[PDB]
Student: 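First, the structure itself, so that you have it in front of you.
Heavy atoms only: backbone and side chains are in, while hydrogens, waters and symmetry mates are out. Order of the sequence lines fixes the chain letters, A, B, ..., with proteins taken first and strands second; residue numbering starts at 1 for each chain.
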2 protein chains.
Amino acid sequence: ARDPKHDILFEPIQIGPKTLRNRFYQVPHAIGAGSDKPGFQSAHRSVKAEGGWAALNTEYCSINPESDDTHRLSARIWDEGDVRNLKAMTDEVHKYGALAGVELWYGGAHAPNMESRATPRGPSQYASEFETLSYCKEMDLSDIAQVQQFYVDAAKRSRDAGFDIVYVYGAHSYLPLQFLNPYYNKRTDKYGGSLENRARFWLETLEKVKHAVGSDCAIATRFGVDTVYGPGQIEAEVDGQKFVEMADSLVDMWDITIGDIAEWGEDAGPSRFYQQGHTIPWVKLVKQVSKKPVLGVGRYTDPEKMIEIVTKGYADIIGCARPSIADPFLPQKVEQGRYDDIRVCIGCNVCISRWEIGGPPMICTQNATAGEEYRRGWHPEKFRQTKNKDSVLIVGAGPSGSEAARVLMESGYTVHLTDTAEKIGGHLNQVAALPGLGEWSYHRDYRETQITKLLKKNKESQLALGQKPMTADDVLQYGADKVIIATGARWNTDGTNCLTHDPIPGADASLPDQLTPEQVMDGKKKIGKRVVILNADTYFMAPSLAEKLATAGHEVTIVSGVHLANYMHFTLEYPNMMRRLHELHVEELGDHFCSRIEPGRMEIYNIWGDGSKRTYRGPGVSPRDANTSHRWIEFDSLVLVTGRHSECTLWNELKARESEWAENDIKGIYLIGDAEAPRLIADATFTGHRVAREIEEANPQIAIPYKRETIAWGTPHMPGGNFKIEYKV
Amino acid sequence: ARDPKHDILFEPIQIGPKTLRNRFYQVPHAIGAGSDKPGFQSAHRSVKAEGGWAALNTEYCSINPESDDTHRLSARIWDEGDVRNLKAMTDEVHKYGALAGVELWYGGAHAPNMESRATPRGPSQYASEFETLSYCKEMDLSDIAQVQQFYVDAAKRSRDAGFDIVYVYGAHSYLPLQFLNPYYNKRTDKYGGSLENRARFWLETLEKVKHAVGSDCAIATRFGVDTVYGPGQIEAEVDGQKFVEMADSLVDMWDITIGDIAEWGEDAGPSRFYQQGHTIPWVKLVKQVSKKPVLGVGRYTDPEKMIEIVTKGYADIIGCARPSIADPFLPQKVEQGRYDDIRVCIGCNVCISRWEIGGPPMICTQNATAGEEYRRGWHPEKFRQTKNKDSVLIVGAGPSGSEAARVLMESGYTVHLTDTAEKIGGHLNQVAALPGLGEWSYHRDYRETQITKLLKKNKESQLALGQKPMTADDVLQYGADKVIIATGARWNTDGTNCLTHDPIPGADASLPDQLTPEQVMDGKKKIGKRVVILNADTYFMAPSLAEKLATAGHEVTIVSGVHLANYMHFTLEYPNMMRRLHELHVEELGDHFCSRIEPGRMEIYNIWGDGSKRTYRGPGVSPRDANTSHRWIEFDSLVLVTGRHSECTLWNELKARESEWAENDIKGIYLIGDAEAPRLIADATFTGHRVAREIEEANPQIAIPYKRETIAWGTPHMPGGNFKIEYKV
Ligand SMILES: Cc1cc2nc3c(=O)[nH]c(=O)nc-3n(C[C@H](O)[C@H](O)[C@H](O)COP(=O)(O)O)c2cc1C
Ligand SMILES: Cc1cc2nc3c(=O)[nH]c(=O)nc-3n(C[C@H](O)[C@H](O)[C@H](O)COP(=O)(O)O)c2cc1C
Ligand SMILES: Nc1ncnc2c1ncn2[C@@H]1O[C@H](COP(=O)(O)OP(=O)(O)O)[C@@H](O)[C@H]1O
Ligand SMILES: Nc1ncnc2c1ncn2[C@@H]1O[C@H](COP(=O)(O)OP(=O)(O)O)[C@@H](O)[C@H]1O
Ligand code: SF4
Ligand code: SF4
């Protein structure tokens, strides 16, 4: 049963002409669907409606072709075709009693317009600090009236599509905020200078939107109350609160954020730098002056933290984005008191990384069904029950193995999960011990809690940890109907890397002066004062080890053959990571790799050291002048972060002895996770989820087709339009 | 009439069971359409069919979901939905008497599979040097059988879709090439080691494909004959020629390329580094040992060069990619002797940049209709004729103005083009003088030639160059019905940049020790020994000026606040550009910007120097510890490359005096190109082309809507499929 203190989270709240059934609200957030993947958009938002979320919003929605985010994917409300596609979502959300909202967006020069090729307009002409090759035209008075009209027209179409909430989006340094912020606005007319002038564009837009649909829709506004850059941009207790007082009568609800667009990781705080409720100091400042309902995200996943901000008067509604992705049923679980069933977001920002890359669908480290609801028909809380009594043996309890176990158990199968390690988690148990990555353990905490609970529902199922390594013979004679090999991967020990695909002469982690990430994390092998980290991986390992070692007093130099922490650009961790490494005095040697290693020293070269001119010089000779940039650098300890390899020996033996499977009544053996190929934790988790869901298919090793959301030639996107080629002659 | 020497280019040639009408062949190349935008795919390929190209191929076509290039866009032939969408293209191409081909693709770990989430397979397990986080599973004998089956099934689907040519794609280091290349293949079984073993996967696949559709389709193979890395990978005279001898009897035509995937700019040679026919030394080696028709791209635009390679026996067919994008009608023009009407490709690779970015449609610097054929109905050789006699005045003869003039003239309007410059071309005249950019002048050569020719067709039209600057009074009294302001943009003189959007204290290009790009190119102002280039632009200007100054003996240091030459990663110029800067001893100071400038010295700081921890400290105080990395560096001359701004003074005056337009019989004035907002040359050209095409619309300043190719909710991509949400429970 639910704890009485949590009752407040279930009181309804009035926002203009609408009523939220409870205080759980999904703020606008990208998922890689927009108006292009209507099924994905509707399924993803509707399961949350079913899960109890009071209101579900689309991601930023473009009001006009001149605010086109291509290559990134945004929603669009340009014409009737968009109204049709988006309605699929509002209809499905209404089905479960929730409200639907749309975030009206105009990006100024931040929108690159790679599809439309149109010219974006802004308060002053500037080149975006985010999209550095994108410039806008300074708006004259008629430009202003025209863009304001775009908002009105968009709001109208939104009502036609069935939206209950319409936002005038002024966060992440988009249009309304550009007029308000002196960083962008250099105008000297009535739209620049003083706060009243700078606030004018926003105030007029709100008034016009409210006039157009205010009687049928709640008018909300998203506001970046502080750009977190100090004086020079927006400060909460200067322009921030004053703007709120000015616009308060026009808005039905305030949705607050902090930060800009270049560093919106300040808003979507990664667990690496920010804890739950990190935004509170800024958000509370708004309630202090507003008379309207206020909400402000802060990666809220804990009901105790939720009631605290509400009772303390910091906010009236609990806005979430990531917590809703990780667990679409969070509100229901809280309502029913099923706290231990909550799948807590680990703040990894991998969901965000997909949006940032531009084009691919969202994925989630915790929830393997995110993005799969529509195309694969995977509901996060409903599983097809087996009609047979097959038992399954799973070797390996890491992200992939533990998820496969969990899903199979939920499906009614008898499961035997084994590992040599003492706890569920696999490599994730080491990774969560890296500086700042503590919350990533929730991934294994959740599976541990769930597997334990599920064991009680089937006494034939078993959890065997701290065991001796399973061997081919052990597996063949275990007596299980099907076997899942989820043995993982290990970091390369011989220098093997993506640049050469070959070992590096002299690399050997068994030597006393060389180490792998595993040896560093175990903390047994001695590490000298001067450390060089040789890197060929673009994610978190090298930067994280650098931080760990530097804080421990070592002198660290990273020699990187690939762009250091490239993937961190997408997870929004990059800016603060570079700052952290800088304050720790970590030296970076980019554009360099290693040709050979000796005890205490290694030979490095610039990767752009070969001659620029290509000349055919016949066989045996390189077509460019030789790279002569080689130089030696010394080290006390060399840490190798060159790549990973699948630990698939067990699998290889089983495959070699496949003729014996039948004799032992083994119907099939499958390879998943890192053992199949080193993946991101999210995908490792996904492979486990997939073989479990498809264990009864013809070949569970390979995925069955998913529904594709691509246009069918012959069908025009514009209702009643002509799909045929028509030249204007 | 056509020069007789060029008759050979129009002789037919037999390829297996098919016959090519002439020697003009469009090899496979991406356009950002794939199987997702059937209209774009069919229109772009068919206009070339109408233009006389003998065969048109799709871009790389995925044979199965486990070879998914998302975020990049490829064609796909996975199911019936794809067959339907791709048939639109083959039908349309056949309608004009040309053949249609498809390039069957499986990419190994090079395909990141961000949409499918499937696991790629390869000869050995490796992390792609291109997609550094993407690993594949080592294939066992059943894996090999299954992948070869994918090819067979895709080939059968291709025939159903109406393709005449089917490729087994083995270039750009994709699957077949991975088995052949020791760099990837570390196998020790019958598929690795010796050449016969390394060639086995390709030979077997060719054989099975030929067996499945060889009687109905010509079987072609695209092969990267030399990886241009020297010993270690594929070398033309070693494994190259021998594999050709081995596979010769199986193929109907050889399509040859050089280079890998990480550096395919070696194939798609940028004019900055390679001239027309740059691949000859390698391509000719294949003809030397083959008994089948051979073709090898080399940015062929000149018919004289085309006959040279054919008569000298270097190739039998003229394969083109970029040349066909710049001019879909190149074949017809050569056939009719209209040599001066050929729109020559400048080898800028901006078309390619769009594919590389991932998701956006292709655009062309020379051909503003590329990508616009279907959605806007713009035919590159057909223009709607005007029914009135309006005269249009165009101020500025750069890429935008000259293109607007060309299109209006082709449409029958009376045009008056004027500029203060002595020649057509605007800023492009200075740009084409930078080291290696000489071929970019073809953009202005083409327009100079066409305008000159079009003047003869209407004696009222006029070209006035070398004139005094047009003033507002001059424009008002000129007597034109409509005016187009195309006055361009200039580089900032006060340090204004995308990072701060403000001037830099002490920046002033009128000072003796500071210069702008224009001042450097004019060659008048003196430049001292030690040069510092302050950059905040991500394209070619800073690197090009650095090269120019270094070769002239100056000591150059580039202080860059953004990723130096970032956009060049996309144009494939980056690798050779960095090697060039390295040879020239150009020092790079990335992740640094400038706070203030003094005579002979400037203060720089690390952009990541602020504290990593964010703490709310109230208004007036920055939430992070202060950046204290500031230090001073000296210079003899400082070159400012911080950004551009529109030169729109004339426009501003005309708009201020808008009440005077009517009395002067001016129906409208429009702002285009860089003067509206600094753009890439391709987009500047596009704005001119667009106002010209839409001069009669209600508001020519803003583009009319284009046909959108997005799915319509309610229509399944799979014929007969179910579009509704269906959960598997
Ligand atoms: C995948 C993703 C994409 C985002 N896209 C948007 C967007 O379209 N519009 C917007 O206003 N905010 C966007 N956000 C920001 C979120 O609305 C939110 O402010 C941020 O994730 C912090 O909320 P949380 O801590 O509850 O996740 C995005 C966040 C996520 C997780
Ligand atoms: C826009 C573009 C995309 C390309 N995509 C492909 C592709 O899908 N498949 C392929 O085999 N080659 C691709 N290429 C390579 C071209 O086929 C060709 O080898 C290269 O551009 C050199 O030919 P050219 O010099 O005539 O342009 C691409 C080139 C271009 C221009
Ligand atoms: N032969 C074996 N018997 C039992 N457990 C094994 C065996 N080989 C490996 N393991 C375990 O398999 C697990 C693999 O987990 P992990 O590396 O996290 O992979 P993934 O990310 O694919 O889940 C590890 O906990 C490892 O101890
Ligand atoms: N007042 C003016 N009268 C005539 N020509 C002008 C005037 N101001 C600028 N121009 C010319 O306009 C042209 C702008 O060209 P450019 O910078 O190449 O722009 P775009 O790239 O937009 O075509 C330059 O050739 C410049 O000399
Ligand atoms: S991908 Fe990570 S940050 Fe995003 S919702 Fe999932 S667990 Fe949270
Ligand atoms: S964009 Fe450039 S390289 Fe490409 S076809 Fe056009 S002119 Fe040629």
Student: Under 6.0 Å between ring centres: does that hold for B:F10 and B:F24?
Tutor: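 Between B:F24 and B:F10, which both carry aromatic rings, the centre distance is below 6.0 Å.
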Student: Consider only side-chain N and O atoms of B:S124 and B:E138, and report whether a donor and an acceptor are under 3.5 Å apart.
Tutor: no
Student: List the steps and the verdict of side chain to side chain contact (heavy atoms under 4.5 Å, CB included) for B:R198 and B:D239.
Tutor: CA-CA 10 Å; B:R198 285 181 289 115; B:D239 295 335; 3.0 Å; yes
Student: Do the ring planes of B:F243 and B:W202 sit parallel (below 30°), tilted (30 to 60°) or perpendicular (above 60°)?
Tutor: tilted
Student: Is the NZ atom of B:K208 crowded by more than 12 outside heavy atoms at less than 6.0 Å?
Tutor: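 More than 12 heavy atoms, drawn from other residues, nucleotides or ligands, come within 6.0 Å of this atom.
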Student: Please tell me whether B:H172 and B:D267 have a donor and an acceptor in their side chains that are separated by less than 3.5 angstrom.
Tutor: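 Judged by distance alone, the side chains do pair up.
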Student: Determine whether the side chains of B:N64 and B:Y106 contain a donor N or O and an acceptor N or O closer than 3.5 Å.
Tutor: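 No donor-acceptor contact under 3.5 Å links the two side chains.
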Student: Does the separation of the ring centres of B:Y169 and B:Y60 fall below 6.0 angstrom?
Tutor: no
Student: Which value, rounded to the nearest 0.5 Å, describes the distance between B:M577 atom CE and B:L572 atom CG?
Tutor: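 The CE atom of B:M577 sits 14.5 Å away from the CG atom of B:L572.
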Student: Without hydrogens or angle criteria, can the side chains of B:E304 and B:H6 be said to hold a donor-acceptor pair below 3.5 Å?
Tutor: yes
Student: Given the rule in the side chain to side chain contact (heavy atoms under 4.5 Å, CB included) test, do B:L250 and B:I219 qualify, once you have shown the distances and angles that lead to the verdict?
Tutor: CA-CA 8 Å; B:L250 291 168; B:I219 304 306; over 6 Å; no
Student: Ring centroids only, cut at 6.0 angstrom: are B:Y126 and B:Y184 within range, meaning strictly under it?
Tutor: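 Ring-ring flag for B:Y126/B:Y184: true, centres closer than 6.0 Å.
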Student: Looking at B:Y300 versus B:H278, is the centre-to-centre ring distance below 6.0 Å?
Tutor: no
Student: Check side-chain hydrogen bond (donor to acceptor under 3.5 Å, both in side chains) between B:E573 and all other residues, then give those that pass, not counting sequence neighbours.
Tutor: B:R272, B:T571
Student: Are any non-hydrogen side-chain atoms of B:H44 and B:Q41 less than 4.5 angstrom apart?
Tutor: no
Student: Side chains of B:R72 and B:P112: does their closest heavy-atom pair fall under 4.5 Å?
Tutor: yes
Student: Quick one: are B:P176 and B:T205 in side-chain contact, heavy atoms under 4.5 Å?
Tutor: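 No - every pair of side-chain heavy atoms lies 4.5 Å or more apart.
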Student: Hey, does B:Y174 have a side-chain heavy atom less than 4.5 Å from the side chain of B:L177?
Tutor: no
Student: We want to know whether B:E237 and A:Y616 form a side-chain donor-acceptor pair, criterion being a heavy-atom distance below 3.5 angstrom.
Tutor: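 Note: B:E237 and A:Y616 side chains meet the donor-acceptor criterion.
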Student: With sequence neighbours left out, write down each residue that passes salt bridge (charged side-chain N to carboxylate O under 4.0 Å, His left out) with B:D189, or none if nothing qualifies.
Tutor: B:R187
Student: Can you list everything that forms a ring pair (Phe, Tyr, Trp, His ring centres under 6.0 Å) with B:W78? Sequence neighbours excluded, please.
Tutor: none
Student: Quick check on the 6.0 Å ring-centre criterion: do B:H582 and A:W608 meet it?
Tutor: no
Student: Kindly compute the distance separating CG (B:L180) from OG1 (B:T227), expressed to the nearest 0.5 Å.
Tutor: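 These two atoms lie 9.0 Å from each other.
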Student: Which residues satisfy the ring pair (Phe, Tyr, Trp, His ring centres under 6.0 Å) test with A:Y605, sequence neighbours excluded?
Tutor: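 Applying ring pair (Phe, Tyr, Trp, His ring centres under 6.0 Å) to A:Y605 gives A:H630.
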Student: With a 6.0 Å cut-off on the ring centroids, do B:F570 and B:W355 count as close?
Tutor: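 That pair fails the under 6.0 Å test.
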Student: Between B:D82 and B:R76, does a side chain to side chain contact (heavy atoms under 4.5 Å, CB included) hold up when you go through it step by step?
Tutor: CA-CA 6 Å; B:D82 292 326; B:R76 317 217 266 218; 3.8 Å; yes
Student: Mark yes or no: A:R614 above the aromatic ring of B:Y274, with NZ or CZ under 6.0 Å from the six-membered ring centre and no more than 45 degrees from the axis.
Tutor: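 Yes, a cation-pi geometry.
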Student: Taking only residues two or more places apart in sequence or in another chain, which ones pass salt bridge (charged side-chain N to carboxylate O under 4.0 Å, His left out) with A:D502?
Tutor: B:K186
Student: Considering residues at least two apart in sequence or located in another chain, which fulfil the ring pair (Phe, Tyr, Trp, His ring centres under 6.0 Å) criterion with B:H71?
Tutor: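 B:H71 satisfies ring pair (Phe, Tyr, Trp, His ring centres under 6.0 Å) with no residue once adjacent residues are dropped.
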Student: Using only heavy-atom distances, determine whether the side chains of B:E439 and B:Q275 contain a donor-acceptor pair under 3.5 Å.
Tutor: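 Absent: no donor and acceptor within the cut-off.
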Student: Hey, could you give me the CD1/CD1 distance between B:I258 and B:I234, rounded to the nearest 0.5 Å?
Tutor: 14.0 Å
Student: Report the distance from atom OG1 of B:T257 to atom CG of B:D255, rounding to the nearest 0.5 Å.
Tutor: 7.5 Å
Student: Given the side-chain rings of B:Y25 and B:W53, with only the six-membered ring counted for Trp, is the space between their centroids under 6.0 Å?
Tutor: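 Centroid distance B:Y25-B:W53: not below 6.0 Å, so no.
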Student: Any side-chain heavy-atom pair from B:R222 and B:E103 closer than 4.5 angstrom?
Tutor: yes
Student: Side chains of A:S612 and B:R580 only: does a donor on one sit below 3.5 Å from an acceptor on the other?
Tutor: yes
Student: Is there a side-chain contact between B:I13 and B:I317 (heavy atoms, below 4.5 Å)?
Tutor: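 Yes. Closest side-chain heavy atoms under 4.5 Å.
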Student: Report the C-alpha distance between B:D302 and B:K305 in whole Å, list the side-chain angles of each, state the deciding distance to 0.1 Å, and finish with yes or no for salt bridge (charged side-chain N to carboxylate O under 4.0 Å, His left out).
Tutor: CA-CA 5 Å; B:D302 191 358; B:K305 191 63 184 185; over 6 Å; no
Student: Drop me the distance from B:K137's NZ to B:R121's CZ, to the nearest 0.5 angstrom.
Tutor: 7.5 Å
Student: Starting at CG of B:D143, measure out to CD of B:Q148 and round the result to the nearest 0.5 Å.
Tutor: 11.0 Å
Student: How far apart are the C-alpha atoms of B:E245 and B:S290, what are their side-chain angles, what is the distance that settles it, and do they pass the side chain to side chain contact (heavy atoms under 4.5 Å, CB included) test?
Tutor: CA-CA 7 Å; B:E245 296 188 330; B:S290 180; over 6 Å; no
Student: Apply side-chain hydrogen bond (donor to acceptor under 3.5 Å, both in side chains) to the pair B:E263 and B:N576, showing each step before the final yes or no.
Tutor: CA-CA 9 Å; B:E263 292 196 32; B:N576 287 337; 5.6 Å; no
Student: Does atom CD of B:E308 have more than 12 heavy-atom neighbours from other groups under 6.0 Å away?
Tutor: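 Result for CD/B:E308: enclosed.
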Student: Going by heavy atoms in the side chains, are B:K292 and B:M253 under 4.5 Å from each other?
Tutor: no
Student: Can you tell me if B:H110 and B:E131 form a side-chain donor-acceptor pair at under 3.5 Å?
Tutor: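 Looking only at side-chain atoms, B:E131 and B:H110 do not form any donor-acceptor pair under 3.5 Å.
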Student: Working note: B:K333 + B:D327, criterion salt bridge (charged side-chain N to carboxylate O under 4.0 Å, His left out); need CA distance, chi angles, decisive distance, verdict.
Tutor: CA-CA 10 Å; B:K333 288 175 192 183; B:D327 199 340; 2.9 Å; yes
Student: Tell me whether the centres of the aromatic rings in B:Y167 and B:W105 are closer together than 6.0 Å.
Tutor: no
Student: Would you say the side-chain atoms of B:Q233 and B:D226 include a donor-acceptor pair closer than 3.5 Å?
Tutor: no
Student: Tell me, with the steps shown, if A:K613 and A:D625 meet salt bridge (charged side-chain N to carboxylate O under 4.0 Å, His left out).
Tutor: CA-CA 8 Å; A:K613 299 178 195 60; A:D625 299 331; over 6 Å; no
Student: Taking the side chain as C-beta and beyond, is there a heavy-atom pair between B:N22 and B:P12 under 4.5 Å?
Tutor: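 Contact flag for B:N22/B:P12 side chains = no.
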Student: Checking salt bridge (charged side-chain N to carboxylate O under 4.0 Å, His left out) for the pair B:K287/B:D316: CA distance, chi angles, key distance, verdict?
Tutor: CA-CA 9 Å; B:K287 273 290 297 172; B:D316 303 277; 3.0 Å; yes
Student: Using the benzene-type ring in the case of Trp, are the ring centres of B:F540 and B:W440 under 6.0 Å apart?
Tutor: yes
